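# turn this into a structure:
(5 chains)
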Amino acid sequence: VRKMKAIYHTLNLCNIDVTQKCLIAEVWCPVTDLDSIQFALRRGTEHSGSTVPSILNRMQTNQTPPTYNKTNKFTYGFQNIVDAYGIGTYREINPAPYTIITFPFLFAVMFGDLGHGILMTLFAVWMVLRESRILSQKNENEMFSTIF
Amino acid sequence: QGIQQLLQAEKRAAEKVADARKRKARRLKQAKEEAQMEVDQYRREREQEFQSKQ
Amino acid sequence: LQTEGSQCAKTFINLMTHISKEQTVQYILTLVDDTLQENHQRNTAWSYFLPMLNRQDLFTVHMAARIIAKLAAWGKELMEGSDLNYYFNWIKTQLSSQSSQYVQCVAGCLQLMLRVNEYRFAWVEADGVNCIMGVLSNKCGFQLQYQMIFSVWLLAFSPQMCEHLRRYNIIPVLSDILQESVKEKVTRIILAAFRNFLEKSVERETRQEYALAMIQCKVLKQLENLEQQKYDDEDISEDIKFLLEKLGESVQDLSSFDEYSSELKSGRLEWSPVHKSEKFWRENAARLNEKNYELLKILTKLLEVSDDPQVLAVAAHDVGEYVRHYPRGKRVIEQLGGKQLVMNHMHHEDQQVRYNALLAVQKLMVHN
Amino acid sequence: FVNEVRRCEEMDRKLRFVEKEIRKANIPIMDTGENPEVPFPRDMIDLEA
Amino acid sequence: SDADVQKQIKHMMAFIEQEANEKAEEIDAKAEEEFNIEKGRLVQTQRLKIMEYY
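Residues are numbered from 1 along each chain as shown, chains lettered A, B, ... in the order given. Find the structure here:
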């Protein structure tokens, strides 16, 4: 039901359909991933029983494109800790690969202790080796939502 | 753009159905105006028995 | 423009049979259909042109079909329908639904010749009309499902053909295409064909096309959300209000005491909207009393002597709704011993009759 | 599309009621976690019934 | 691939003919109720006056 409502939201955001009885969408998308959208669109009209193809036209406007970052489960926390201040411009040098090392390193020069270096990671190894059963739970307090 | 080629192609498809709705409102008066040909043609159908009984 | 071409009628027809090359014949036969698309009569040799066509040429078999059906539908001097029923069987091998890349052109020829009123009766008298029903299943009907029902919309204009095609599974398969509605022109004629099927029928046997069509299928409940959409065609926006005054009237007409009496007296009456409607039970509060309590004594009479593998739940729905709206009716079933009946039938193996008997005995004792 | 976005909320409002109605009888439900495919709008008439 | 401009005129222009041919044919076949059956409302009306001549 929430997938059906989600498609019904973006089709409200689609064309005003005064051109024809067809819906026009001018969407942003990465150029490295332009073949997988076409292999999804060629099977998109295939389940509807139709034979006419959906086509993908590239425009040449001067509208500012959004920024996007390839992101694992590991490098997600370091990515949105940079974007909490300000999200970068289009094709700017991303600080987040360098922030992955130097931000725990600058944390370690001002919080440096072998005893608390044991307790800080043993609290964290417990949160990554047992993370399967924690994603099974819905939500907890923000001392276990923001920390997790 | 491709929308400029489809905004004119849909106009040619909308004008073709607008002309077909105009011909159905033109032959409607011709439906009874040609049905009034039986005042001139089906009167001779009564002339078939007009010489039979005489 | 057109060079005032009025002569060379038999000269152009002379090149039809003795032409040697396949492409040179198919070019001129397409150049012959290009003239006869919007002009007058240029059918004596055209039936003889069928003997030189439909022979080892796929491009000249369908192009001959574009000339054959167009000449039979256009013109006064070309009406020779005695060969048209022979041609409809001769094109039935081309109208056979095992076609690949040729079915979409042959279906238009069947709808072009059936434009006239009595010309469709010439086909339907020797049709074997399941050929339209053979493609009515999953047979890649993207545009084919528009092509077949458009013939049926023409076949409903005469009222004598409405009761002739009703000896088929016509409306329930037509409701099974109405639930898809993906092309938006397939269902735009199906909503129009149902109005043409009922309004062009001067009888009272549209109640058979009520008891088969919509009270036994999921098409009456589909008319509401087809109204709530923002349809653009003005012939469909008037079609949804025309079918609601039709079908709204039909639901009202459907509920009547006499009909209910037949249901529990003539019997075998099922899960029709005569039981499900609140408008049924709203009016007849004392109808079970007005038959000197025998109306309450003949519903239970069929419940106790017969096993009723399906309809046992229906009369259990009749008693459970009636004791909700009439508090004195519970004393009738207490003297009758039908309270012991629903305590036995609630343990039955079928979940349709077990739940409704469970729904009945929880409604008999609402206040004590 | 502002008609069939309302009915997807009233179907969701009904589903929020049964989600509350399940846990009042204390019935913990399994997940059987698998990403399902989306229902076509011909299945939306089946979903309300 | 520069076939996006050709496929816009190959397939999206082909639905313009589907809106032309398959929609005007329904209006052209709206003559069995507007021209054919409308003649009988005026032919059987004058048929009673034909019997008065008989």
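# how many residues are close by residue C:158?
Burial measure for residue C:158: 19 neighbouring residues, criterion other C-beta atoms under 10 Å in any protein chain shown. To be clear about C-beta, it is placed using only N, CA and C from the backbone, and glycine gets the same treatment.
# next, it: secondary structure please.
coil (DSSP: H, G, I helix; E, B strand; the rest coil).
# so who does it touch?
Residue C:158 makes contact with C:117, C:120-121, C:200 under the criterion C-beta atoms under 8 Å, 6 or more residues apart in numbering or on different chains.
# kindly recompute the last result at 10 Å.
Listed by C-beta atoms under 10 Å, 6 or more residues apart in numbering or on different chains, the contact partners of residue C:158 are C:117-118, C:120-121, C:124, C:164, C:200-201, E:32, E:36-37.
# any idea how far it is from chain A?
When C-beta to the nearest C-beta, to the nearest Å is the yardstick, residue C:158 and chain A sit 33 Å from each other.
# also residue C:36?
With distances defined as C-beta to the nearest C-beta, the gap from residue C:36 to chain A amounts to 30 Å.
# my guess is that residue meets residue C:64, correct?
No. Between residue C:36 and residue C:64 there is no contact, the gap being 11.3 Å when judged by C-beta atoms under 10 Å.
# which residues of chain B lie near chain A?
Near chain A, the residues belonging to chain B are B:1-4, B:6-7, B:9-11, B:13-14 when assessed by C-beta under 10 Å from any C-beta of the partner chain.
# 7 Å - rerun?
Contact residues, chain B versus chain A (C-beta under 7 Å from any C-beta of the partner chain): B:2-3, B:6-7, B:10.
# and the longest helix belonging to chain B with chain C, contact?
Ranked by residue count and defined by DSSP state H, the top helix of chain B is helix B:2-23. No. No part of helix B:2-23 sits close enough to chain C to count as contact by C-beta under 7 Å from any C-beta; the gap is at least 9.3 Å.
# what packs against that helix?
When contacts are defined as 3 or more C-beta pairs under 7 Å, 6 or more residues apart in numbering or on different chains; DSSP states H and E, helix B:2-23 sits against helix E:4-10, helix E:14-28.
# tell me the secondary structure for residue C:80?
coil.
# next, count neighbours for it.
Residue C:80: 14 surrounding residues under other C-beta under 10 Å.
# need the contact list for it.
Applying C-beta atoms under 7 Å, 6 or more residues apart in numbering or on different chains, one finds that residue C:80 lies in contact with residue C:43.
# that one and chain D, how far apart?
Relative to chain D, residue C:80 is positioned 45 Å away (C-beta to the nearest C-beta).
# where do the helices sit along the chain?
Using chain A. Counting by DSSP H, residue ranges of the helices within chain A are A:2-10, A:34-41, A:96-110, A:114-129, A:131-134.
# wrong chain, I was asking about chain D
According to DSSP H, chain D carries its helices in the segments D:6-24, D:44-48.
# hmm, the first one in reach of chain C?
No. Contact of helix D:6-24 with chain C is not found when judged by C-beta under 7 Å from any C-beta; the minimum separation is 7.7 Å.
# what's that helix in contact with?
Under the contact criterion C-beta under 7 Å, 6+ apart, helix D:6-24 has outside partners A:1-2, A:4-5, A:8, D:29, D:47-48.
# what residues does chain E put near chain A?
By C-beta under 7 Å from any C-beta, the residues of chain E that approach chain A are E:4, E:7-8, E:11, E:15.
# let's have these in JSON lines, adding neighbour count and distance to residue D:4.
Formatted as JSON lines, the residues of chain E next to chain A follow (neighbours: other C-beta atoms under 10 Å in any protein chain shown; distance: C-beta to C-beta, whole Å):
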{"residue": "E:4", "neighbour count": "12", "distance to residue D:4": "31"}
{"residue": "E:7", "neighbour count": "17", "distance to residue D:4": "30"}
{"residue": "E:8", "neighbour count": "18", "distance to residue D:4": "29"}
{"residue": "E:11", "neighbour count": "14", "distance to residue D:4": "27"}
{"residue": "E:15", "neighbour count": "18", "distance to residue D:4": "23"}
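# re the thing from before, report the buried members of the contacts of residue C:158.
The neighbour count (16 or more other C-beta atoms under 10 Å in any protein chain shown) marks C:117, C:120-121, C:124, C:200-201, E:32 as buried among those.
# show me which residues of the stretch 51-200 of chain C sit near chain A.
For the stretch 51-200 of chain C, the contact set with chain A under C-beta under 7 Å from any C-beta comprises C:142, C:182.
# which residue of chain A sits farthest from its center?
Among the C-alpha atoms of chain A, the one farthest from their average position, using C-alpha atoms, centre = their mean, is that of residue A:115, at 36.3 Å.
# and the closest residue to chain B within chain A, how close does it get to residue C:188?
Closest contact between chain A and chain B, by C-beta to the nearest C-beta, is at residue A:20 (4.4 Å). Here residue A:20 is placed at a distance of 16 Å from residue C:188 (C-beta to C-beta, to the nearest Å).
# tell me the secondary structure for the residue nearest to residue C:212 when sequence neighbours are not counted?
Nearest non-adjacent residue to residue C:212, counting by C-beta to C-beta, 6 or more residues apart in numbering or on different chains: residue C:171, 6.0 Å away. Judged by three-state DSSP, the three-state class of residue C:171 is helix.
# residues touching residue C:171, list them.
Residues touching residue C:171, when contacts are defined by C-beta under 7 Å, 6+ apart, comprise C:209, C:212-213.
# any chance of the helices of chain D in a markdown table, plus mean neighbour count?
Output for these, formatted as a markdown table (neighbours: other C-beta atoms under 10 Å in any protein chain shown):
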| stretch | mean neighbour count |
| --- | --- |
| helix D:6-24 | 12 |
| helix D:44-48 | 13 |
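# TSV please, covering those helices and showing distance to residue C:324.
Rendered in TSV, the data for these read as follows (distance: least, C-beta to C-beta, whole Å):
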stretch	distance to residue C:324
helix D:6-24	23
helix D:44-48	25
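# out of those, nearest to residue C:336?
Smallest distance to residue C:336 across the helices of chain D (C-beta to C-beta): 36.7 Å, for helix D:6-24.
# got the angle for the closest one vs helix A:2-10?
Helix D:6-24 and helix A:2-10 meet at an angle of 150 degrees, taking axes from the mean of the first three to the mean of the last three C-alpha atoms, to 10 degrees as the criterion.
# that older thread, need the winner for burial among the helices of chain A.
When neighbours are counted by mean count of other C-beta atoms under 10 Å in any protein chain shown, the highest per-stretch mean among the helices of chain A falls to helix A:2-10, a mean of 14.
# highest average neighbour count across the helices and strands packed on helix B:2-23?
Of all those, helix E:14-28 has the most neighbours on average by mean count of other C-beta under 10 Å, namely a mean of 16.
# what about the helix or strand that comes right after that one and chain C, touching?
On the C-terminal side of helix E:14-28, the closest following helix or strand by DSSP states H and E is helix E:37-52. No. In this structure, helix E:37-52 remains apart from chain C according to C-beta under 7 Å from any C-beta; the gap is never smaller than 7.7 Å.
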